[PDB]
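# Tertiary structure, described
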Amino acid sequence: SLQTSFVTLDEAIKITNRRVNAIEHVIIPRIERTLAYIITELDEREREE
Amino acid sequence: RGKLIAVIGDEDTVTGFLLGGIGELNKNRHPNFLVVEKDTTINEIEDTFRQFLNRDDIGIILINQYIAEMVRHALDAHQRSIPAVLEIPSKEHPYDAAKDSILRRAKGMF
Amino acid sequence: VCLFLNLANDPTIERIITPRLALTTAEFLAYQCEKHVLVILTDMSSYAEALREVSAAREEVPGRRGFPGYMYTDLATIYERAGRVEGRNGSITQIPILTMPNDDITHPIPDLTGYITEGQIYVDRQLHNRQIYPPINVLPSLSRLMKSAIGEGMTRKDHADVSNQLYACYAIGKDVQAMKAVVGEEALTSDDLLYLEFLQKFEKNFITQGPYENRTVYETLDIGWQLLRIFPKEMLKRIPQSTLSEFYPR
Amino acid sequence: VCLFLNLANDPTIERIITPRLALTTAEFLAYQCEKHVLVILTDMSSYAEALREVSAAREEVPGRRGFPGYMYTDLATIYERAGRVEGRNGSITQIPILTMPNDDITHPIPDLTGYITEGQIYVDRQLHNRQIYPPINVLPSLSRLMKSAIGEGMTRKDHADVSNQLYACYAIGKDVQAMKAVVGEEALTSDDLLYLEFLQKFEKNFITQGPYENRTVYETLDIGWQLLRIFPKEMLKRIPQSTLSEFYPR
Amino acid sequence: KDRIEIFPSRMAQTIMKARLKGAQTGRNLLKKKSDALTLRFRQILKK
Amino acid sequence: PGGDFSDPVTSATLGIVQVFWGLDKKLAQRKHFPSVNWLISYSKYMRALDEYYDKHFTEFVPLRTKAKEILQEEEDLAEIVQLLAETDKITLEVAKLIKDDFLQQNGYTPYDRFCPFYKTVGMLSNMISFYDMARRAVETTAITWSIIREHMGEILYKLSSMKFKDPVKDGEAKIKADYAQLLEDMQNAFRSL
Amino acid sequence: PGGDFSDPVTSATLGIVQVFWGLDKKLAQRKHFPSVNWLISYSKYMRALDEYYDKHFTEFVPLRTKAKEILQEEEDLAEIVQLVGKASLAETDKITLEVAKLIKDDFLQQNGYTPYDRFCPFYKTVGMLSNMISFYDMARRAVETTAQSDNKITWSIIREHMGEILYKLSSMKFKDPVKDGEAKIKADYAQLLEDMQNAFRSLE
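Residues numbered from 1 in each chain as written, not as in the entry; some residues may be left out. Chains lettered and ligands numbered in written order. Part of a larger assembly, values for the part shown. Heavy atoms only, no water.

In its metadata, the entry names cryo-EM as the structure determination method and reports 4.3 Å as the resolution.

Now the structure itself:
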């Protein structure tokens, strides 16, 4: 019982660790880069006005 | 209630385990064990191992060290959970902790 | 060594004049004395800032980030004064290194300097933080004079295809490195490990050059061939058949 | 058919008065000749550009994005010559087309036209990328005057709730599509699969019509019922049970 | 890729900020979950 | 313009007036005319209806508080869903159902043009009670949300169809009877568990 | 101005022009000459040229439609395979993405400065695309039937079988039409086609 639960736990832990790795190292950079772009465009428009 | 331990090994271990209470013949009269000796062929033992893997009434399988070594390739190919596999010592093969697939699954965490 | 100086504490607006004077000197030494001149500048960002301040004082029509509209034409008058002409053995070479604020490639000064010129180098901050020298990122760099500077009769008949193959291998190595950053080594394939090992070799050996170890073209070509030798011939999709059969089996 | 023509090579200031001529002729052909007229206007962003050019020549106070403040009143004056009148029997329908620079919705001219015109269609580039003709995005569309233009006797007893149910189902299906993109099919339930196949069939049949496929109203209602049939009774929420018992079982 | 398609405006600034915050909330939750799971994994391995 | 909360006009309204009505852009592009971004929304008064409630339906006061708790709980669990369990699905589904019930996208069809306040607190109370009995880890004595989902069946369908009453011809007493049979169906379906 | 495509001039030139082509910084960074984006680029003259292409070549439409479908499917599945680690992918996905990679690194990649491919004629191009589409279609039907009945043809085993053939399909661009007459080129193309057919019959 112990070792069967151990291997199932290993499967679960590797998949969830992979998921958190993916979301953290993928989703965020695009988000803050778009934040930089949007603030830059807003400031440019204001200076032109 | 219905699930049973299957054991493949030498004569002493199977004797002691059949004494322990495991052992059934299904409706088709097929044993849940196979006795190994000097004149037991490799193809037959791996074939019967495959047959036991297919069967859905075992759950637990026990193998002594040397038989596992001789069929290590299939055990390493095995990547399931419900058909659990364990290891046991033997009379002339004292157990060593450096040979088992479950440790390969968690290699380095010794 | 024709040298000129200007410090931060000095008045800002004479920086608009200094490079033009240096370029006039270069013109005089090139097309009147039959000499080659290695003109080099530094810190064009201060020049851009001084021109910006002058334009703001003169309230012209702004542009991107508030820069002057004619900053481009001014930069053209600074840079296009170069090359060599008929009847003269002299030549003009420029290396106008510039500051790059915030490490942003889309910042106007790097952009316009890229338009007006042919090539770039783009020394890297990440490599310098990795403690490697000379830290030049090889990928973003580009030179447009391969079209005639290299080839048979000058260096060799296999320089261009070696460089193209190396660029492709490095780019795909970076991509598989990004993939490995999440996926993990277990799910990879043999090709991925080969590419990672090639990238490791490329960084430890090719780029690492040292401060005072002059190296010849032939040695760099041999080093590149040794680096490329790790991949078998089949997956080399940027080399012609003839050159691959001729040079690879060593 | 009366045709007023403008090319690119012609002068630009003609466009300031070109629409008004057509509108006045439409007024005469409707309120005096008693006929039913249908005006078509093309590229109102060009009208906005010409007006902005006049404003730039006229040195008045500029509004947002340089367009004059009174362009709102001008668009009002050019978009109000519509509707039928008492004592007559003619009608005037305005069907302009306008381009959104950079596929933008908050661009000034789309917004002001939205504040004058009652409704929208929003042809989408994404649908056009997958070759669906006409690529009409139902999601941001709107037609306020549908409120009393349909019902028993006019088109059919059971009409509006069908459109509402189809619409809500489409929106939730797009949500499921986004959730599939974020995570994957593994987290999707059977209901999500039903929504996805609804999306596929909805796009395939109801949207795609063809070059000259003049469909009828009753046929489109039948097609809507057909697209509703795939779900059982329980899933639908914005539909009366009486209507379902009346029509769904057939 | 290098960005997500959106027309610049204050609206997208607010929406991207909200999505960002939700992303870190998820990151915290998943990190804590994985930490507890690793602790349990080590315990069962020793036992 | 396009749901501009930061429009200077809007800041002036928030400065001077105190009853602000929300309308999320993300749902307003979906023709949800009676939808709300209740986050950006303030109630001018709460003490005005103390004397009114003491005389008429005093039990409204905590029910709306619980509903607001649901409304913020979904506002967090939505981003949890963006990236699960059944315990959160309880509140998510309750929030979706109450949103379908109250944000009445009727298109001004005549059956929505009626306001019996006392015959419109009933479905609020029913949903609140349903959530209260489902909040105890589903199993009243503590079973997941899926168990009750496939157990209820047509019950949720009729809970949704609750909105399609025409008060002018139904009669107020018949509407109270409809509330009563709704409630007894709730208790029967949960007593079976 | 800085690669940003929202500049007023870019929008005006887009609104006036009939044919628009896209250049992407990363594609030029790949040394993928030319850096055609094939995603925002479009034309509006295929319909007019359909008459000519039918009158003079009589087969271009199926090739074009299938190529567009493959490119769109690969674009859809790129970030998907990035975000699922190519784990739970059907054989169809793998064949689609790898033939798309073949189309990218052979048919789209074209160094216009190497002497053998400074210029390419239309007939050779359609021959290339015909060979590639035939390979993809035959592989698709083979793997489909084998998966349906038994002994599923995974990508690994077919790749082992046809490594040599896909290597030739990659290296086939090395023709030098100035040194190679058109008749010999089409003969070699038919020869490669029947080689592929013979291999596919050898499998089944």
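Anyway, onward from the coordinates.
### Examining the interface of chain E and chain A
For clarity, the threshold we go by: The contact rule is simple, with two residues in contact once any of their heavy atoms fall within 4.5 Å. When two parts are put together, the accessible area they lose, computed with a 1.4 Å probe and summed over both, is reported as buried area. Any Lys or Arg side-chain nitrogen found within 4 Å of a carboxyl oxygen on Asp or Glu counts as a salt bridge. Within 3.5 Å is the distance limit for a polar contact, defined as a pair of N or O atoms, with the added protein rule that one can donate a hydrogen and the other accept it, and that residues adjacent in sequence qualify only through two side-chain atoms. Each residue gets one label: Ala, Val, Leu, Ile, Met, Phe, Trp, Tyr, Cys and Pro are nonpolar, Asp, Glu, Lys and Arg are charged, and the others, such as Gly, are polar.
Of the residues lining the interface, 23 residues belong to chain E; the matching set on chain A comes to 20 residues. Taken over both partners, the interface formed by chain E and chain A buries close to 2300 Å², and the fraction arising from carbon and sulfur atoms is 78%. Inspection of the region where chain E meets chain A yields zero salt bridges. Counting the contacts that link chain E with chain A gives two residue pairs in polar contact. Considered class by class, the residues forming the side of chain E that touches chain A number 11 nonpolar, five polar and seven charged.

### Focus: the pattern of salt bridges
Tallying each qualifying case throughout the model produces 29 salt bridges over all chains. Residues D10 of chain D and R15 of chain D are paired through a salt bridge, measuring 3.7 Å at the closest nitrogen-oxygen approach.

### Notes on a nonpolar patch on the surface
All names here are of chain C. How we decide: Think of a patch as exposed residues, more than 30% relative accessible area, with no salt bridge, where like charges cluster within 9 Å and nonpolar side chains (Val, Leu, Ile, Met, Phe, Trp, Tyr) cluster within 5 Å. Per-residue and other accessible areas were derived by the Shrake-Rupley procedure at a 1.4 Å probe size, with only the shown protein chains allowed to occlude residues. Only DSSP runs of H or I reaching four residues or more are called helices, and only runs of E reaching two or more are called strands; each is numbered from the N terminus. Think of it in three bands: with a 1.4 Å probe and only protein chains considered, a residue is buried below 20% of the maximum accessible area for its type, exposed above 50%, and partly exposed in between.
A cluster of nonpolar side chains, contributed by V1, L3, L5 and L7, occupies part of the molecular surface with about 530 Å² of accessible area. Looking at the element boundaries, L5 is found in the segment before helix 1 (18-31). The class for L5 is exposed, based on a relative accessible area of 65%.

### Things to note about the packing of aromatic side chains
Rules: Stacked, edge-to-face and tilted are the three classes for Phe, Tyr and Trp ring pairs, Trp counted by its six-membered ring, which pair at centre distances within 6.5 Å; planes under 30 degrees apart are stacked, over 60 edge-to-face, the rest tilted. Whether a charge sits over a ring depends on NZ of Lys or CZ of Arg being within 6 Å of the ring centre and within 35 degrees of the ring normal.
Applying the stated criterion across every chain, the model contains 30 aromatic pairs over all chains. Between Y52 of chain F and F117 of chain F, the ring centres sit 6.5 Å apart and the planes meet at 55°, which makes this aromatic pair tilted. Owing to a relative accessible area of 26%, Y52 of chain F belongs among the partly exposed residues under this scheme. Here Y52 of chain G and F57 of chain G contribute two aromatic rings whose centre-to-centre distance is 6.2 Å and whose plane-to-plane angle is 75°, an arrangement assigned as edge-to-face. Looking at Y52 of chain G, the relative accessible area reads 45%, which means it is partly exposed. Through successive ring pairs, a cluster of aromatic residues spans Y170, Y195, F198, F202, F206 and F231 of chain C. For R52 of chain D, the ring lying beneath its charged end belongs to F67 of chain D, and the centroid distance is 4.8 Å. Sitting over the face of the ring of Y248 of chain D, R229 of chain D holds its NZ or CZ atom 5.5 Å from the ring centroid.

### Thoughts on the interface of chain B and chain A
Taken together, the contacts link seven residues of chain B with six residues of chain A. Buried surface at the junction of chain B and chain A, both sides included, amounts to about 590 Å², of which 62% is carbon and sulfur. Our count for the chain B to chain A interface comes out at zero salt bridges. In this assembly, chain B and chain A are joined by zero residue pairs in polar contact. The set of elements that each furnish at least two residues to the side of chain B that touches chain A consists of strand 4 (84-88) and helix 5 (101-105) of chain B. Residue contributions to the side of chain B that touches chain A peak at three residues, all from strand 4 of chain B.

### So, the packing of helix 6 (residues 122-134) of chain F against helix 10 (residues 172-191) of chain F
Residue and element names in this part refer to chain F. Rules: Lines are fitted to the C-alpha atoms to define the axes, a helix being fitted only along its stretch in contact, and any angle between axes, read from their N-to-C directions, falls within 0 to 180 degrees. Angles are sorted into four bins: roughly parallel if under 35 degrees, roughly antiparallel if over 145, roughly perpendicular if 65 to 115, and oblique for all others.
Put simply, helix 6 and helix 10 touch, their axes get as near as 10 Å, and they point 10° apart. Judged by the inter-axis angle, helix 6 sits roughly parallel to helix 10. Across from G122, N126, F130, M133 and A134 in helix 6, the residues of helix 10 making contact are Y179, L182, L183 and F190. Tallied by class, residues from the contact of helix 6 with helix 10 come to seven nonpolar, two polar and no charged.

### Concerning unusual backbone geometry
Note that the residue after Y133 of chain D, namely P134 of chain D, is joined by a cis bond; omega there is -5°. Among the structural elements, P134 of chain D can be located in the loop between helix 5 (125-129) and helix 6 (160-182). Following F33 of chain G, the chain continues into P34 of chain G via a peptide bond in cis, with omega recorded as -10°. Along the chain, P34 of chain G falls in the loop between helix 2 (25-29) and helix 3 (46-56). Positive phi values are uncommon outside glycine, yet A137 of chain F reaches one of about 55°. One non-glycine residue, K86 of chain G, lies in the positive phi region at around 45°. By secondary structure assignment, the location of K86 of chain G is in the loop between helix 4 (61-84) and helix 5 (91-108). Take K86 of chain G: its relative accessible area is 37%, and that puts it in the partly exposed class.

### Let's talk about the environment of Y42 of chain F
Residue and element names in this part refer to chain F. Along the chain, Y42 falls in the loop between helix 2 (25-28) and helix 3 (50-55). For the pair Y42 and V17, spaced 25 residues apart in sequence, the C-alpha separation works out to 9.9 Å. With near-sequence residues (within four places) excluded, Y42 lies in contact with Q18, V19 and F20.

### Observations regarding the packing of helix 4 (residues 60-81) of chain F against helix 6 of chain F
All names here are of chain F. Note the threshold: Helix crossings are classified by the rotation of the near helix relative to the far one: an anticlockwise turn of less than a right angle makes the crossing left-handed, while a clockwise turn makes it right-handed.
It is the contact of helix 4 with helix 6, at a shortest axis distance of 10 Å, that shows an interaxial angle of 60°. By the angle between their axes, helix 4 is oblique relative to helix 6. Of the two elements, helix 4 crosses helix 6, and the hand of that crossing is left-handed. In contact with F60, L63, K66, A67, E69 and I70 of helix 4, helix 6 contributes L124, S125, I128, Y131 and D132. Class assignment for the residues of the contact of helix 4 with helix 6 results in seven nonpolar, one polar and three charged.

### Focus on the nonpolar core
So the rule is basically this: The term nonpolar core refers to a set of buried residues drawn from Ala, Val, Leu, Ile, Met, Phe, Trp, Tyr and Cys, joined through side-chain atoms within 4.5 Å.
Counting 30 residues, the largest nonpolar core has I90, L124, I155 and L159 of chain F as the members making the most contacts within it. Of all elements in the fold, only helix 4, helix 5 (86-102), helix 6, helix 7 (145-152), helix 8 (154-161) and helix 10 of chain F reach the threshold of two or more residues within this core. In terms of residue count, helix 6 of chain F provides more of this core than any other element does, seven residues in total. When sequence neighbours within four positions are dropped, the list of residues in contact with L159 of chain F reads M127, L182 and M186 of chain F. In terms of nonpolar packing, the next biggest core, distinct from the first, is built from 22 residues, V138, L139, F231 and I239 of chain C among them.

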